[PDB]
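Student: First the structure, which I've put down as structure tokens, then a few questions once you've had a look.
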Amino acid sequence: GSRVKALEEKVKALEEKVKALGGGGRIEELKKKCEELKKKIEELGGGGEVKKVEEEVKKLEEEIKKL
Ligand SMILES: *Sc1ccc(O)cc1
């Protein structure tokens with residue numbers, strides 16, 4: 001399937017979008033989940049599971065569609 005393909009891509013839309021969206025309130029917590037998402041993948045290599053990151057991020061990415 002992908003697993004990582006979903007992690008490598010989302011990381012681009014995750015930050016780039018928020019960095020270009022510039023907002024507050026809803027964006028305040030939105031970034032909190034972002035900084036943690038980028039640090040997990042870039043750092044994780046053997047542990048943490050790749051399927052666990054693509055599933056969780058699914059919530060963040062979907063949130064970008066609105067913002
Ligand atoms: S990951 C990320 C990047 C930029 C923001 O403004 C927020 C989250």
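Ligands are numbered from 1 in the order shown, residues from 1 within each chain, and chains are lettered A, B, ... in the order they appear in the structure tokens.
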Within 9 Å of ligand 1, counting only C-alpha atoms and all ligand atoms: which residues, as a VMD selection string?
Tutor: chain A and resid 11 to 23 27 to 28 30 to 38
Student: One decimal, in Å: what's the spacing between CA of residue 3 in chain A and CA of residue 53 in chain A?
Tutor: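 About the pair CA of residue 3 in chain A and CA of residue 53 in chain A: they are 8.2 Å apart.
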Student: Would you kindly return, as an mmCIF file with N, CA, C and O atoms, in the first residue's frame, each protein, DNA or RNA residue with an atom no farther than 12 Å from any atom of residue 54 in chain A, considering only C-alpha atoms and excluding same-chain residues fewer than 5 positions away?
Tutor:
data_model
loop_
_atom_site.group_PDB
_atom_site.id
_atom_site.type_symbol
_atom_site.label_atom_id
_atom_site.label_comp_id
_atom_site.auth_asym_id
_atom_site.auth_seq_id
_atom_site.Cartn_x
_atom_site.Cartn_y
_atom_site.Cartn_z
ATOM 1 N N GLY A 1 0.827 -1.238 0.000
ATOM 2 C CA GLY A 1 0.000 0.000 0.000
ATOM 3 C C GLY A 1 0.842 1.261 0.000
ATOM 4 O O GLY A 1 1.460 1.603 -1.008
ATOM 5 N N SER A 2 0.866 1.953 1.134
ATOM 6 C CA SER A 2 1.638 3.185 1.263
ATOM 7 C C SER A 2 2.230 3.309 2.660
ATOM 8 O O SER A 2 3.437 3.158 2.848
ATOM 9 N N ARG A 3 1.373 3.582 3.639
ATOM 10 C CA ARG A 3 1.808 3.728 5.024
ATOM 11 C C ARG A 3 2.661 4.980 5.198
ATOM 12 O O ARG A 3 2.255 5.924 5.871
ATOM 13 N N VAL A 4 3.841 4.981 4.585
ATOM 14 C CA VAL A 4 4.751 6.121 4.672
ATOM 15 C C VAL A 4 4.393 7.181 3.637
ATOM 16 O O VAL A 4 4.500 8.378 3.901
ATOM 17 N N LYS A 5 3.959 6.736 2.461
ATOM 18 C CA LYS A 5 3.574 7.655 1.394
ATOM 19 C C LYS A 5 2.582 8.689 1.917
ATOM 20 O O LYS A 5 2.559 9.832 1.463
ATOM 21 N N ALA A 6 1.774 8.274 2.887
ATOM 22 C CA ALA A 6 0.787 9.155 3.494
ATOM 23 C C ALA A 6 1.445 10.086 4.507
ATOM 24 O O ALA A 6 0.945 11.173 4.783
ATOM 25 N N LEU A 7 2.568 9.642 5.064
ATOM 26 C CA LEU A 7 3.307 10.420 6.053
ATOM 27 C C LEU A 7 4.192 11.472 5.391
ATOM 28 O O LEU A 7 4.286 12.605 5.859
ATOM 29 N N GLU A 8 4.857 11.078 4.312
ATOM 30 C CA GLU A 8 5.759 11.969 3.592
ATOM 31 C C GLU A 8 5.016 13.119 2.913
ATOM 32 O O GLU A 8 5.523 14.238 2.844
ATOM 33 N N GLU A 9 3.826 12.838 2.398
ATOM 34 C CA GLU A 9 3.033 13.852 1.708
ATOM 35 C C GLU A 9 2.362 14.815 2.684
ATOM 36 O O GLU A 9 2.542 16.029 2.594
ATOM 37 N N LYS A 10 1.574 14.267 3.603
ATOM 38 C CA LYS A 10 0.852 15.075 4.587
ATOM 39 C C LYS A 10 1.755 16.109 5.258
ATOM 40 O O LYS A 10 1.333 17.235 5.513
ATOM 41 N N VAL A 11 2.992 15.724 5.553
ATOM 42 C CA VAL A 11 3.934 16.631 6.201
ATOM 43 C C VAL A 11 4.107 17.920 5.398
ATOM 44 O O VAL A 11 4.401 18.975 5.959
ATOM 45 N N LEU A 37 3.577 16.042 14.720
ATOM 46 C CA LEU A 37 3.480 15.128 13.588
ATOM 47 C C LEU A 37 4.781 15.100 12.788
ATOM 48 O O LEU A 37 5.248 14.036 12.385
ATOM 49 N N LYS A 38 5.353 16.275 12.551
ATOM 50 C CA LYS A 38 6.595 16.391 11.790
ATOM 51 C C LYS A 38 7.783 15.809 12.554
ATOM 52 O O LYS A 38 8.723 15.289 11.954
ATOM 53 N N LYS A 40 7.614 13.314 14.776
ATOM 54 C CA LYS A 40 7.459 11.866 14.897
ATOM 55 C C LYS A 40 8.037 11.124 13.693
ATOM 56 O O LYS A 40 8.864 10.227 13.848
ATOM 57 N N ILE A 41 7.584 11.489 12.499
ATOM 58 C CA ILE A 41 8.043 10.841 11.274
ATOM 59 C C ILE A 41 9.540 11.044 11.046
ATOM 60 O O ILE A 41 10.292 10.080 10.905
ATOM 61 N N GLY A 48 7.242 3.105 16.636
ATOM 62 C CA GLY A 48 6.192 4.091 16.461
ATOM 63 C C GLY A 48 5.151 3.658 15.447
ATOM 64 O O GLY A 48 4.043 4.194 15.419
ATOM 65 N N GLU A 49 5.504 2.686 14.611
ATOM 66 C CA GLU A 49 4.593 2.181 13.590
ATOM 67 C C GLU A 49 4.284 3.258 12.554
ATOM 68 O O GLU A 49 4.023 4.411 12.900
ATOM 69 N N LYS A 59 -6.624 13.002 10.670
ATOM 70 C CA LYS A 59 -7.481 13.990 11.314
ATOM 71 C C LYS A 59 -6.977 15.404 11.042
ATOM 72 O O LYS A 59 -7.765 16.329 10.846
ATOM 73 N N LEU A 60 -5.657 15.564 11.033
ATOM 74 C CA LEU A 60 -5.043 16.864 10.787
ATOM 75 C C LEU A 60 -5.218 17.284 9.333
ATOM 76 O O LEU A 60 -5.670 18.393 9.050
ATOM 77 N N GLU A 61 -4.853 16.397 8.413
ATOM 78 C CA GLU A 61 -4.966 16.684 6.984
ATOM 79 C C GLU A 61 -6.390 17.100 6.617
ATOM 80 O O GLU A 61 -6.595 18.108 5.940
ATOM 81 N N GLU A 62 -7.366 16.321 7.069
ATOM 82 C CA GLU A 62 -8.770 16.611 6.791
ATOM 83 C C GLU A 62 -9.147 18.001 7.294
ATOM 84 O O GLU A 62 -10.014 18.666 6.728
#
Student: When you draw a straight line from CA of residue 50 in chain A to CA of residue 64 in chain A, how long is it in Å?
Tutor: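 That distance, rounded to one decimal, is 21.0 Å.
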Student: Could you pull out the helix (DSSP H, G or I) residues of chain A from DSSP and send them as a ChimeraX atom specification?
Tutor: /A:5-21,26-43,50-64
Student: Could you jot down the CA of residue 44 in chain A to CA of residue 67 in chain A separation for me, Å, one decimal place?
Tutor: 27.5 Å
